[PDB]
Amino acid sequence: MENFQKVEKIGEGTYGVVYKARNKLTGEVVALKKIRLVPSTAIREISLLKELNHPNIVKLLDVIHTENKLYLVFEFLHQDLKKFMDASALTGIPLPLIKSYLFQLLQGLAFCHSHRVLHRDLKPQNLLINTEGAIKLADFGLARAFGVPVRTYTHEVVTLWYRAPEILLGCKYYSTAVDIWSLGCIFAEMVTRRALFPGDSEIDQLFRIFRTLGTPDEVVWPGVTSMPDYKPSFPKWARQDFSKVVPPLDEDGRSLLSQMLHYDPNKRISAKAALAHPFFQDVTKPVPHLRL
Ligand SMILES: N=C1NC(=O)/C(=C\c2ccccn2)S1
Ligand SMILES: [Cl-]
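Per UniProt numbering, the sequence shown runs over residues 1 to 37, 44 to 298.
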């Protein structure tokens, strides 16, 4: 750690404080992450992440385990999608750039999903952009390594906004579909300039999902009524038209979103199949206007 000089506090992540830091004796600028508990098993799983390299995955450069303390050194990105969407509120992100960001993010998912690694916690804070028109996923694989808590070490409530319905219904063996779901939510949010399901508790979150997409049953989601936190007494809401959900997203866009938001994780489109979707037919890579 004496090998690094703290430049500034970026924030408080799930796992602890995040610093922009500078490598005192190689000179590279990095994201320094202090992980708060290290168990042999978290070490082994994090070291696996070091080989999982893709241009749309924020590069894990190193894992320093010193003392009984855990530090992760990442490639530094200067902006996240939450800031970018804020800065972009009066007019919204142009759709060619939403299409690019989605297509790149699906590319990161397809890669990680092929080696069987999930994120499980995708959210605008975890998505990171550069001046090149790139977008990248931060913290991939870390949920499996450390858990996902209700509150950060600083008591910041962890958001549920992007959580998949099978997770909220207490399914314990969720798959890669969880990441598709979250990215769908994020996609709808970039398009409309509003979070899709801004829930402030598990039931509020689940009930916001239900209200937009219908209360799921055995027709749409075989096995649902038998999931741990399913209750027969859930209100039964009818599904809203998507044309009402994401104006002014075009037909290909709404079609794709709809497949990303399938209740049944087995019916939900994969990262791989989504890249072949007609929505990406005229995809381009514009350069954003970033203020740093
Ligand atoms: N280079 C990076 N900058 C960041 O800010 C990174 C990830 C991040 C940072 C804070 C909270 C959640 N994720 S990676
Ligand atoms: Cl920022």
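For every residue, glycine included, the Cβ atom is placed at its ideal position computed from N, Cα and C.
Scanning its chain for C-beta atoms nearer than 7 Å, with the 5 sequence neighbours on each side dropped, one finds around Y236 the residues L175, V230, in chain order. Residue nearest to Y159 within the set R36, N3, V289 is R36 (criterion: CA-CA distance). The C-beta of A244 has fewer than 16 other C-beta atoms within 10 Å across all chains shown, which makes the residue exposed.
Within 6 Å of the C-beta of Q131 there is not a single heavy atom belonging to ligand 2. When the beta-carbon positions are compared, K6 and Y15 stay at least 7 Å from each other. If the five residues before and after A93 are omitted, its C-beta is found closer than 8 Å to the C-beta atoms of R297, all from its own chain and listed in chain order.
With the rule of 3 Cβ pairs closer than 8 Å, the region 273 to 288 does not count as touching the region 239 to 253. For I10, the shortest separation between its Cβ and any heavy atom of ligand 1 lies below 6 Å. Annotated three-state conformation of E81 is strand, per DSSP.
Measuring C-alpha to C-alpha distances from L103 to each of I135, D145, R214, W167 identifies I135 as the nearest. Taking a C-beta distance under 7 Å as the contact criterion, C118 and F152 do not qualify as a contact pair.
Contact between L267 and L219 holds: CB atoms are separated by about 6 Å, below the 8 Å threshold.
Judged by DSSP in its simplified three-state form, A21 adopts strand. Taken from the Cβ of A31, at least one heavy atom of ligand 1 lies inside 6 Å.
Taking a contact as a CB-CB distance under 8 Å, the pair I141 and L133 counts as one, their CB atoms being some 6 Å apart. Nearest C-alpha to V17 among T47, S46, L108, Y77: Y77.
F82 has its Cβ nearer than 6 Å to a heavy atom of ligand 1.
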